[PDB]
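As structure tokens, the structure follows; a few thoughts come after it.
No Cβ is skipped: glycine too gets one built from the backbone with ideal geometry, and neighbour counts run over all protein chains shown. Read-outs throughout are calculated quantities, based only on the coordinates presented, and are distinct from any laboratory measurement.
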Amino acid sequence: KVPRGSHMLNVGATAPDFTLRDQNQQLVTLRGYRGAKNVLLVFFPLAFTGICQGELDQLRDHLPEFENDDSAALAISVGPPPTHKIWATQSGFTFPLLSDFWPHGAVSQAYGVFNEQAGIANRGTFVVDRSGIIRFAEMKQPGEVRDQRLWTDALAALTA
Amino acid sequence: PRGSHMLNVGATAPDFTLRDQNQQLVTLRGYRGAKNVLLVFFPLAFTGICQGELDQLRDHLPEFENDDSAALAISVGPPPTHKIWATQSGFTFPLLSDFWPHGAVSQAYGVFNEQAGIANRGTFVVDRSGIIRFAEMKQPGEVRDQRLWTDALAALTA
Amino acid sequence: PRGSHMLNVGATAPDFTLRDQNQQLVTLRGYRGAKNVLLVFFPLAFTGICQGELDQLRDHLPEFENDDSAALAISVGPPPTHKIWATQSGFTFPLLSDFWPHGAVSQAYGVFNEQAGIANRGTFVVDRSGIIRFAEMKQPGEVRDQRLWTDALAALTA
Amino acid sequence: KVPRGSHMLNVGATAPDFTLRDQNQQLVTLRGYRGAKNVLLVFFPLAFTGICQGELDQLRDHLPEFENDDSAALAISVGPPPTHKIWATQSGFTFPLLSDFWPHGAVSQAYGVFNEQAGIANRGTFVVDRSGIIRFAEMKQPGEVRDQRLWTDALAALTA
Amino acid sequence: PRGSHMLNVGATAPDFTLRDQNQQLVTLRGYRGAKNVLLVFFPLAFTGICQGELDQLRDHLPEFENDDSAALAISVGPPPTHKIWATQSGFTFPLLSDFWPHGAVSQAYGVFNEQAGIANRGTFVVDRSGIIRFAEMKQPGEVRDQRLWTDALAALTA
Amino acid sequence: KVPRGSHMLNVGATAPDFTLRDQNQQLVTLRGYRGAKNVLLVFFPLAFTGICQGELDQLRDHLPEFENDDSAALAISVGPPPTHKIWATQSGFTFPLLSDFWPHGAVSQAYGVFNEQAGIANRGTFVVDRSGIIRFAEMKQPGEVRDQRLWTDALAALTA
Amino acid sequence: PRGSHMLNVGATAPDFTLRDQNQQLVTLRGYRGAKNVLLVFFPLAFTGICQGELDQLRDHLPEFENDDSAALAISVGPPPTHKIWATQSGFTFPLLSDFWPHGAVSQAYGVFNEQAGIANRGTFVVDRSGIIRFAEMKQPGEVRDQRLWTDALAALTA
Amino acid sequence: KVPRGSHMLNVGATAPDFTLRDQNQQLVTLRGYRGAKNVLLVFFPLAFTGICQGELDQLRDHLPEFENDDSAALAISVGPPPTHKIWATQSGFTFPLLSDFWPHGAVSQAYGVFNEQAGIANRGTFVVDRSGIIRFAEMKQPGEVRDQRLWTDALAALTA
């Protein structure tokens, strides 16, 4: 992985590939979706707190729109699997929460959405198409929340 | 570069671009998103158990070459060798040359015999995502089962 | 607040918001317009006829939890109690706490035993309009029939 | 019910719930349609006379558009069931006519379409959606008649 | 004005507007373009072969009153007479009054008995174009066949 | 029939009803189509000559568009059945040619498309809808031919 | 101009415009892109094996004249001759006059008897592209098989 | 054939008919497609070299769009069948390559796309409709390549 810190990757770029453990210790690889599904990557700072409890709840509340024959959704944070597992159980999250745990924030850094001062990923979101190219990219600033409707719009255009 | 340690189901299939018997370039990546791909490695043109094996593939080709899939046979022989053999044998599917570097793709898939300098009889089915979904490498004397290949491909469709 | 005078078919199902075993808030109104809801009141976790009853619900869960319906089990126990029991029992459906105020929702549905401080074994199916369509409260000794629940739900669909 | 007299409720408001007897003595409750059908409420002044014989005839003449899998229609007036029953039989009305009889005009008052001087409901109409919210509201002044076409337009937009 | 010379199949059905038992106005033209119409003339309410005939229509009404057709019974009696008889008999289909002028519509259809001042037992099916497609007027003693009416209507649909 | 001579009836008018013999001596009545089909009436001057051999050939050449479940086409002229029969056989016309023969030109006069000086119908065309009302009307002046495409456009709008 | 050397399957069918029994002009090209065309050449109206042959075509006409195909009978006789024969025989399909120039179309198709001045009994099916798809010319004494014509036409459709 | 040299035939003209041998020695006739398919004619200068290896590869790469129930595609050049056969085998071309070999360039001359100085066809393309009329015509100048997308657009409009 080539660290970018917080210089967010924008549309047109090859999405950095990765292999991370989900909350149930299963390995998930980004390139495995190529040629099959568009992938929504939802980076978040920390389990149990802040604006992302609301943002992942948005993902949860409209999950059929993000996990279906054409699309997949993966949430990514620096926490380890035990942490994500407990949080997901208390939150009703059934989608994958991946651990960008050790090396710490390496994937977040590669996408340019890592807060080097706090050691947590910023609230960045990407849609990766079937060719492995980024087709939607955003990084919400503190004080503003993301909108799952924009995520579904972006995904709909890669099936339309 | 794995020699004879066959790649396992779930692994990403190594990419390759090789010349077929008509000197056309065939690239595995080219099928991604479109067809499942059957890869049939074989040791040597004109000899061995593989003549019977490729004859069975030939005898059932439409089942392996359609809108849902493609079949590629790979060996260390150069195009002129595969062209002559394909013409005499009635083979119309691509026979690819893992010729120079010698056995490089066979080695990447872990189906190369380092002592003899030829590919072992290994077979893989790669899905539309480029992932290995079926893998086998029968030992000396035992022939591969073409019906098993067709069943694995049928599983990756409908 | 009806004590043990069970609400009848046709009545509007009293609204409620209760914590499930994972401390998530579950509100009946949340299903309005979307799913029919099976409400299974039970007296006490870890004991009684209800272990057999909830085991039968568990054993047939996909038939009660789908795009057309949901099943909620309600008792006066707090979340920690229901969490332990659900984990040991293999229950993945919501077990809700009518804990404090004690038995308030059970009382609203008229299935509360005021002498013992526990819900009687009453069952209701609430339709997409929030209306009670099926109601029952079997007497001591007699177990409820899970097949009857599935039939009532099937009636409210297709 | 919180009486409003004739200050008609407009779109966006929760429609006051009610339980009234129809011409055949059956109880009809507004909240019973929530989560299932959009409801057209047609208030009218008096059975046997005036502009409403024409207005209910419009409802009758296009009934399939108002009573179907997505919509329900309820006419409401201060008359008692015996009166509505006779009128409906002589008029060919098969839809429900509800009695806002005693307390007199209480429901009409709650929707703000009650003529306090004459003791009859004004010619007010509402469409209540599946969430119980008013999505169409009108009150025709004497000298003008209502148009069932506007009622069907309003209903069509809550299925579209 | 044809007295007893029954109109024949192919003729345009004479228009009429008559009061039913509830004093509502029923006009034949109103069905044009929408439904086929069965016209059942009968002599006198409360007596004769027609009680059995209208009872059979009643007993099979949904087959005559649907999106494709309507059934109207016509006689010289006024609304109050038809209202009482319909209520006692369980008739919910329209009974129309060819009362004043007396027997005018029965005469136009050629099914009027000028000596007795009553309609004969004639039956017609009028199509969506207002054309008579079936016609009959059974003689004294012989009852009409309701199955024959349903068959004629079925012919004018699918 | 109320004669109008050549003051052509225009759209909105009730089409004068009629009963005329076709080339095979069968009676055809205009009102028989009401409530079932829209009817194209093609008046023409004389069998065997002039602009109408071309105009009826247009009708013939696109007949499926004029004789189907929604539409019917009737050509009308002052000639008797024997004349129309022979002409239709030599022309391949299978649609009805009706005789406005005796009284001479009475139907043509009623529609206002009769040439009183020559005793023949002018080249007038009408579309009669299912209610018996004229929805298209034209009368082509000598020197110009009619266009079957306009006839099909008019008919299409009464099914659309 | 081929005399009696019958055109073979695969050849382009020669174009023609000939008068039918009602003096209407019939052109082969007119069917291109729309219908397959059966061409039945025959020697002489009122005599020979062809009366039986055209009677069989008549007896099965709807199978040859529909949205997918048309049947045309061709001979050297003029319209008045074919009109009388068609009327007596009940023929409603077009009988075309290859009258003047005499036998010109029969000659173009290679089915003309130069010694007798009449067409031989040749039959062709022309497809929507104007290509001959079926061809035959039975010898004296042997009658043509109408079932064979219908089968050839069915092949050019569905 | 009436030679035009390089005065390219344009849309509206009858396409000169022809009968030529394909790479497998089979005769292909243009008029055989009339009343059945629209035909794409792709003229090219010389097998084994230049801009046309790329242009025929475009045809090959999107063949289903050019060879189907509504369309046919024929490539034409002055080379003889043995030459086209070898080239097609090395190129994966399964569509017909026709020989405008002897008389040399006669068909190319008839369509006005023959380079009289070099003795080879220019890179001309035509779409012939079901009536035998040219509906698309182009002749690309050296330095520019053709675009199969324009060919499919032209063909789509003759099925639309």
Long-range amide H partners of F:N10, meaning residues 5 or more apart or on another chain whose placed amide H is closer than 5 Å, are none
Long-range amide H contacts for B:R19: which residues qualify at under 5 Å (H placed 1.01 Å from N, peptide plane, sequence gap of 5 or more or a different chain)?
B:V26, B:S97
Checking E:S89, E:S75, E:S97 against a Gaussian network model of chain E (alpha-carbon springs below 10 Å), the top fluctuating residue turns out to be E:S89
Considering only A:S6, A:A106, A:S71, whose Cα is most displaced toward the positive end of the charge dipole of chain A, charges sitting on Cβ of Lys, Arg (+1) and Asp, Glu (-1)?
A:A106
Distance between Cα centroids, the stretch C:88-105 to the stretch D:81-105: provide it in whole Å.
47
With all pairs of different alpha carbon atoms counted, what Kirkwood hydrodynamic radius in Å does the protein assembly as shown show?
40.8
Tell me, what HN-Hα J-couplings in whole Hz come from the Karplus equation 6.51 cos²θ - 1.76 cosθ + 1.60 at θ = phi - 60° for each residue of the stretch G:138-152, using x for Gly and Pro?
4, 7, x, x, 8, 7, 7, 9, 4, 5, 5, 5, 4, 5, 5
Here FRET efficiency (C-beta to C-beta, E:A154 to F:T152, R₀ 56 Å, nearest 0.05) is 0.95
Calculate the translational D of the stretch B:71-142 in whole µm² s⁻¹ from Stokes-Einstein, where the hydrodynamic radius comes from the Kirkwood formula applied to all Cα pairs, the temperature is 20 °C and the viscosity 1.002 mPa s.
162
What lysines sit close enough to H:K140 to cross-link, taking a C-alpha to C-alpha distance under 24 Å and skipping anything fewer than 8 places away on the same chain?
H:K1
Run lengths n ≥ 4 of DSSP H only: what is the helix-derived mean residue ellipticity at 222 nm for chain E, with -39500 (n - 2.57) per run over all residues, to the nearest 500?
-6500 deg cm²/dmol
Among the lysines, which have Cα under 16 Å from the Cα of H:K37 when same-chain residues fewer than 8 positions away are ignored?
G:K35
Under a cut-off of 20 Å between alpha-carbon atoms, report the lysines in cross-link reach of H:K85, not counting same-chain residues fewer than 8 places apart.
B:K83
Based on the Cα atoms of chain E, what semi-axes does the equivalent ellipsoid have, where each is the square root of 5 times one gyration tensor eigenvalue, given in whole Å with the largest first?
20, 18, 16
Which value, in Å³ per residue, describes the convex hull spanned by the Cα atoms of chain A?
100
Run the numbers on chain C and let me know its relative contact order in percent, using alpha-carbon pairs under 8 Å that are six or more apart.
35
Kindly provide the helix-only [θ] at 222 nm of chain H, computed as the sum of -39,500 (n - 2.57) over DSSP H runs of four or more divided by all residues, to the nearest 500 deg cm²/dmol?
-6500 deg cm²/dmol
For the stretch A:32-93, what does the relative contact order come out to in percent, with C-alpha contacts under 8 Å and a separation of six or more?
46
Which order results if B:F41, E:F64 are arranged by neighbouring Cβ count within 10 Å, fewest first?
E:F64, B:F41
Highest-fluctuation residue, B:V76, B:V143, B:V26 considered, GNM on chain B with Cα pairs under 10 Å
B:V143
Label-point separation (nm) for A:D57 and A:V11, each offset 7 Å from Cα along Cα-to-Cβ?
3.0
For chain A: relative contact order, % (alpha-carbon pairs under 8 angstrom, 6 or more apart)
35
Amide H of E:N113 versus every other amide H placed in the peptide plane: which residues, excluding those fewer than 5 positions away on the same chain, fall under 5 Å?
E:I118, E:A119, E:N120
Name the residue, out of A:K85, A:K140, A:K37, whose mean-square fluctuation peaks in a Gaussian network model built on chain A with Cα pairs under 10 Å.
A:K140
